[PDB]
């Protein structure tokens, strides 16, 4: 398991949590020095538990699929909550079984569905450590509209930050003041599958992407990533979605 406490949190302790999160994901191989997530894992070993504590010390446990860093569901006191999607129902066979009741959320976990339920795109939702504290608090008591927004915050400040060093740094900058994600942050989130694929395809193509990936950089400028010498590959991305899952 991995843990993070918002009480006394600072950029350093958050950095340690994201490091722990990355290190908890198993891999058998690196591709261009980036850990390659496994094609599959059987049984309960598929799911990592993240223990998150809000400023007041109240806690949720979040179940994460270690093959893709997708959040499946979470436990809040004696109630479990899972996304309305087959991967999450499968996860519900293995985690939080001791919950007194299980609620299936009225949406799947993908960004589009969550944004619909929340009533806003995540371009408009501030993120940061304060937002994460709020998210944890919201998820403690069932409110499906509120929870959609909370989950958009949770996903970005945990799994997204684990996937990209740039996103981890963006959250560290927002340790004591929330701010909506940079356009670059959004671009990277949207491009993780694509980038993971092209980095793997580059292995037998001399480091060259079969299809270029278009990203927005820090300055709001749109750019093309064509090969593994790019900063996105050498410095930024920290985990690869296995091409078998793409």
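Positions refer to the first chain, counted from 1.
Relative to one another, 17-25 and 220-228 have unequal mean CA B-factors, and 220-228 is the one with the higher figure. Remark: stretch with higher mean C-alpha B factor among 162-170 and 91-99 is 91-99. Set against one another, the Cα B-factors of 44, 60, 69, 188 in the record reach their highest point at 44. Placement of the Cα temperature factor of residue 109 within the chain: middle third of the modelled residues, per the deposited record. Sorting the modelled residues of the chain by their CA temperature factor places residue 123 in the highest third. Sort the modelled residues of the chain by CA B factor and residue 80 lands in the lowest third. Per-chain ranking of the deposited C-alpha B factor places residue 64 in the lowest third. Placement of the Cα temperature factor of residue 246 within the chain: highest third of the modelled residues, per the deposited record.
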